[PDB]
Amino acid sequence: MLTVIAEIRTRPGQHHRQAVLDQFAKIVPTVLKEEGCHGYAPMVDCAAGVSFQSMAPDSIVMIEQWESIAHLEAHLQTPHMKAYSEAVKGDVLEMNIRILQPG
């Protein structure tokens, strides 16, 4: 029902983006098992050499589906997400989070 697209902007260079991705690798199976989660995928740009593509190498884009806002909010308080946030605090600069419905 809700679709979340979250862009996580990482610090340039020094394998910061990979550090974050590695933290997601630890957590994604767990998140998929959370109540109300119907998708949770960290994505990165893939250079297709087409003129219409825009790329941001220092970013990870999450695509997620949650049954409700309550389920998303619960997600954010889980220990795996608190552990994730602590683990990536020196790697992440900001997040831009959209909550979307069918248009």
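Note that residue numbering begins at 1 and tracks the sequence as displayed.
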Greater mean Cα temperature factor according to the PDB record, 48 to 56 or 61 to 69: 48 to 56
Ranked C-alpha temperature factor of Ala25 among modelled chain residues, by third: highest
Chain thirds of CA B-factor: placement of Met1: highest
Relative C-alpha B-factor of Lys89, binned into the chain's lowest, middle or highest third: highest
B-factor third for the C-alpha atom of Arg9 within its chain: lowest
